[PDB]
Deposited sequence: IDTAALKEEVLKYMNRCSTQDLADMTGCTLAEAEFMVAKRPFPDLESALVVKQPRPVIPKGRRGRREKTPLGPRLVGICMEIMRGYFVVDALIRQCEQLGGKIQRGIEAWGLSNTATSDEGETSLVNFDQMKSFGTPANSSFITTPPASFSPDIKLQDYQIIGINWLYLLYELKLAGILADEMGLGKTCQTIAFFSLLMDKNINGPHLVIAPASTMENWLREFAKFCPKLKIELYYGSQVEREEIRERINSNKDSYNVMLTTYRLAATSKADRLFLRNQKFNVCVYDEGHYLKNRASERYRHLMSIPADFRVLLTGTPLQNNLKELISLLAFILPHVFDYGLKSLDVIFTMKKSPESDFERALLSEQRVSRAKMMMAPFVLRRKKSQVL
């Protein structure tokens, strides 16, 4: 991150921006942006730094320095966002090549910020190549009485592809397409391969009898440990589990329990989970939250987020997901991004509407697309 490059970028921006774009980016008022803008062209940054609004006419930080300083903090942040997007470009390239080495097709384009793999008919007809890792059959651990749809066989193969690449996945199928069922089938796929957990599933209380029901119905072979109840009940659960009496495959808990209080937090810390699934984990969309840091602080080899929503055109959300899916980023500070998450929107200005923000939204949505599997009802009916 070159100081001279920063100063250059800021000088050019200050000379280019609209008044409203300047308010959007710096959080200043529209009259401040108007004054600023009317003092330009700026031949150098010093010329911007002498700008100050007049003292009242007779009937504590001057404008110039304040805006130049904010723009340089922001440019710093954007440069960090760009590095995140380039890493995402790298690793998603590896996802795309793994998919192409299956021998299967995608209906979506990157700009839609997802992948849509709907069927494997041509592998059905002509067969799976000797060089392909795709598994067309249900897992042997999976309940024989439950039929997996073709798009769900794809789901568990895709999840395992991303597991192998040491990445992270977002499963964003439309509501009703059995994301919970595909998760459980993924667990049973791992179990075929002698990968047995423990794994964690964090869910809203609203869905936890459903997770228990679906575990029992779809893959009864998984041993499930429910981490729920009173502080005291939870404590005896920890007592019972820490003594390795009956090892388990999947632990089920809620976001409240998983994040709120010290004792639960480091119990989950010490479990050393392999897969960690965040069901309806919209908290992962907001890195500027205590809950986020606690969710992401739980150690896990492979993180999966389940959601019914495609990626939104919101830079803050996309940065939060970039730190979710990119290896070893969350352990970095990302302090240079702090300033972006402190810019509160208002009627006068919104950092999301700054042109440089929008450009990063477009670019990131495009590069995050191989990390997002999304099928719609209208595709799989």
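- Stretch of the deposited sequence left without coordinates: only 60-67.
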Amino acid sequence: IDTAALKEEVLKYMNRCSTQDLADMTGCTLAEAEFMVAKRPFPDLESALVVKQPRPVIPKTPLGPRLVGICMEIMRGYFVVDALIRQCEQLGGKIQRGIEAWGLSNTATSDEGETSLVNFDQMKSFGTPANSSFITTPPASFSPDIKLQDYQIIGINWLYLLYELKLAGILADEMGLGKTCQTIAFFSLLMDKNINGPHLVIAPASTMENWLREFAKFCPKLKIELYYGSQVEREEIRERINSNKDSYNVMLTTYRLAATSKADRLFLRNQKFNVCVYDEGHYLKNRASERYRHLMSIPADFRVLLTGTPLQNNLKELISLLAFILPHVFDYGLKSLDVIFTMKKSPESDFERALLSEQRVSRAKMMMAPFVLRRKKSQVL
From here on, numbers count along this sequence of modelled residues.
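- According to the PDB record, 203-211 carries the higher mean C-alpha B-factor of the two stretches 203-211 and 299-307.
- As the entry records it, the average C-alpha temperature factor is higher for 50-58, out of 322-330 and 50-58.
- Remark: of 136, 243, 149, 188, 243 shows the highest value [criterion: C-alpha B-factor in the PDB entry].
- The entry lists C-alpha B-factors for 86, 124, 285, 217, and the highest of these is at 124.
- In the PDB entry, a CA B factor belonging to the highest third of its chain's modelled residues is recorded for residue 102.
- When the CA B factors of the chain's modelled residues are split into thirds, the value for residue 43 lands in the lowest one.
- Sort the modelled residues of the chain by CA B factor and residue 176 lands in the middle third.
- In the PDB entry, residue 140 places in the middle third of its chain by CA B-factor.
- Per-chain ranking of the deposited C-alpha B factor places residue 254 in the lowest third.
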